[PDB]
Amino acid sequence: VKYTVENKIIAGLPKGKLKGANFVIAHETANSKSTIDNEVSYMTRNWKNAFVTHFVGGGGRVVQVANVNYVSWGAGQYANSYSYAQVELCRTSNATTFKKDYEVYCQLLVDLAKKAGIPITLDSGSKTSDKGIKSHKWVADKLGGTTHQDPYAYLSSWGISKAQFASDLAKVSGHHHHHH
């Protein structure tokens, strides 16, 4: 799947070194009324409270709001010290929009993991040494420093289980000539 990264990197962010480039975090906004543009404007003004690296939404748009391979304030202190990137899915009520949003979400999570040298697994293991794509839920369950459970409630409303999300991420990495 093809996408365009819109550069809206927030001016003035800290560029904190990671303890390791071990995770890519899978989020969603939990906001049934916001657009991706609303989310980007809000996070620009409120970055001191929280920020991620990327939004996905608005029909498979990507907006980058922070550089990767530095701390982002997205998932509590324990995940934030080990997250190469943090990718946040915006909501839609439109099935055509969602299919675009979701395909691009899966492609971007795999693209970032591959660039960081992180395995394409979902919610594997239990520690900061278990590299991979991690839901906010897995961070809450295994590391603490947060209680959020995204993105599974939202994916479930669109008929996508955790098992289906794992299999969809593997299908991106499993493409013929995805890698050497």
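All residue numbers are counted from 1 along the displayed sequence.
Once the C-alpha B-factors are averaged per stretch, 54-62 and 113-121 rank with 113-121 first.
The top Cα temperature factor in the record, among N49, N67, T29, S135, falls on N49. Annotation for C90: CA B-factor lies in the lowest third of the chain's modelled residues.
Residue-level temperature factors show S156 in the middle third of its chain, judged at the C-alpha atom. Sorting the modelled residues of the chain by their CA temperature factor places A166 in the middle third.
When the CA B factors of the chain's modelled residues are split into thirds, the value for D37 lands in the highest one.
In this PDB entry, the Cα temperature factor of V24 sits in the bottom third of its chain's modelled residues, the lowest group.
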